[PDB]
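Chemist: sequence? don't have it. structure:
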């Protein structure tokens, strides 16, 4: 099977900047007919894939001239000359020379000024604890860049087990990210400890952001 | 040029 | 050109499903078509493809023996018979001519049954309040605040826990607003035909 590799999974750009998305193929994509069957697709948030360029370099009808493709037989590049808001999405390279395969995608997000997270810790509700379960929630709202690290400490010692993360898509209004971390525990286990701590590490601060509660 | 409709992978 | 998938829905493993693709605006009998699926963990995938008049077709190794592609040129429809469905087949299904794609049809395969969510409150210049939406299946759930309150709303993507989905929704309001004013989340799960309203009461 042919492997299409998109080296950079995420690309940050400002409106008007030129960008290049690369795709590398494990074997030559040049077919017996002299044609190289490499296509480039854009998937905008909440929409279905859309064809931008076919056969390495051919622009599809209705696609703006800022899009262009080039490549060898194993190395392929999509170029956006002055990115626009409508260009934000995920870009997929794709081949049909061999059994068809897709690359893993390049997220084209928008570069904006660094923003620090707003951290909020929440203890489990008594109605939840009234059942077997207990969930401790930590929210990191409106932060940029996407890159962040959350750590759960229970009475000092880190807890890896039962932690589940979720990061929203980049915001429509402010271009930020917001993350939620839930630590699922049992009522008896939750009651065995005293201090619950959520520690957030982001580039906007040297020291971590620490939000705690006892009970 | 869109798809290799004549690809040897077909059955 | 226009392409319209249908046939998607929830099924248990082993069950069968038949999708269809309504086509218009082009000469369907001259066009080569494909079925492309999009799973979270697997990414984009070529499922099956067929030739303009028939004659040649293709099925990825994962779907050989279970899936069947076909077309009715007189009716301008493309089809995919998916028999012996697995959790691995869970994805959104696209009917495509490469240059033109349809809106898709989602296919969910699971042993879990339609369960309504259990809603718990998340309470402590600005105040961040929330709703923990636990133990629901399938997706999606619509979360609103006081529907009215839209600015400051963060609905986090669901995560699968023991065959059931869990999400969180938060709202940032000025300290003056709450608790002086009522802050409530409105959680809807169409699959179970449920609406749950949970008033965020200070601890």
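Modeler: Nice, thanks for sending it over. Numbers count the residues shown, from 1 in each chain, chains lettered A, B, ... in the order given.
Chemist: residue A:119 reaches residue A:139, doesn't it?
Modeler: Yes - using C-beta atoms under 8 Å, residue A:119 is in contact with residue A:139, at 7.1 Å. C-beta: built from backbone N, CA, C; applies to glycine.
Chemist: looking at those two, which one has more neighbours?
Modeler: residue A:139 (27 against 21; other C-beta atoms under 10 Å in any protein chain shown).
Chemist: isn't the more buried one right up against residue C:172?
Modeler: No - contact criterion C-beta under 8 Å: residue A:139 and residue C:172 do not qualify, at 9.5 Å.
Chemist: how about the contacts made by the closest residue in space to residue A:84 that isn't next to it in sequence?
Modeler: Nearest residue to residue A:84, sequence neighbours excluded (C-beta to C-beta, 6 or more residues apart in numbering or on different chains): residue A:15, at 6.5 Å. Shown in contact with residue A:15 (C-beta atoms under 8 Å, 6 or more residues apart in numbering or on different chains): A:83, A:84, A:85, A:110.
Chemist: now do the SS call for residue A:15.
Modeler: coil (DSSP: H, G, I helix; E, B strand; the rest coil).
Chemist: contact residues of chain A facing chain B?
Modeler: Residues of chain A found near chain B (C-beta under 8 Å from any C-beta of the partner chain) are A:31, A:33, A:35, A:37, A:39, A:51, A:54-55, A:58, A:96-100.
Chemist: rerun at 7 Å
Modeler: Applying C-beta under 7 Å from any C-beta of the partner chain, we find that chain A lies next to chain B at A:31, A:35, A:37, A:54, A:55, A:58, A:96, A:97, A:98, A:99.
Chemist: now distance to chain C too, for those, in a markdown table please.
Modeler: Below are the residues of chain A next to chain B laid out as a markdown table (distance: C-beta to the nearest C-beta, whole Å):
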| residue | distance to chain C |
| --- | --- |
| A:31 | 15 |
| A:35 | 14 |
| A:37 | 10 |
| A:54 | 7 |
| A:55 | 11 |
| A:58 | 11 |
| A:96 | 8 |
| A:97 | 13 |
| A:98 | 11 |
| A:99 | 7 |
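Chemist: around chain A, which positions in chain C sit nearby?
Modeler: Checking chain C against chain A by C-beta under 7 Å from any C-beta, the hits are C:43-46, C:94, C:98-99, C:101-104, C:120-122, C:128, C:130, C:132, C:154, C:156-157, C:159, C:161, C:166, C:168, C:170.
Chemist: near chain B, which of those residues show up?
Modeler: Cross-checking the residues of chain C next to chain A against chain B (C-beta under 7 Å from any C-beta) gives C:98, C:99 as the overlapping residues.
Chemist: just the buried ones from the residues of chain C next to chain A, in PyMOL syntax?
Modeler: Typed into PyMOL, the line below selects the buried ones among the residues of chain C next to chain A, using 16 or more other C-beta atoms under 10 Å in any protein chain shown:
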select buried, chain C and resi 43+44+45+46+94+98+99+101+102+104+120+121+122+128+130+132+154+156+159+161+166+168+170
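Chemist: if we can go back for a sec, now render the contacts of residue A:15 as TSV, adding secondary structure and neighbour count.
Modeler: Shown next, in TSV, are the contacts of residue A:15 (DSSP: H, G, I helix; E, B strand; the rest coil; neighbours: other C-beta atoms under 10 Å in any protein chain shown):
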residue	secondary structure	neighbour count
A:83	coil	20
A:84	coil	11
A:85	helix	7
A:110	strand	16
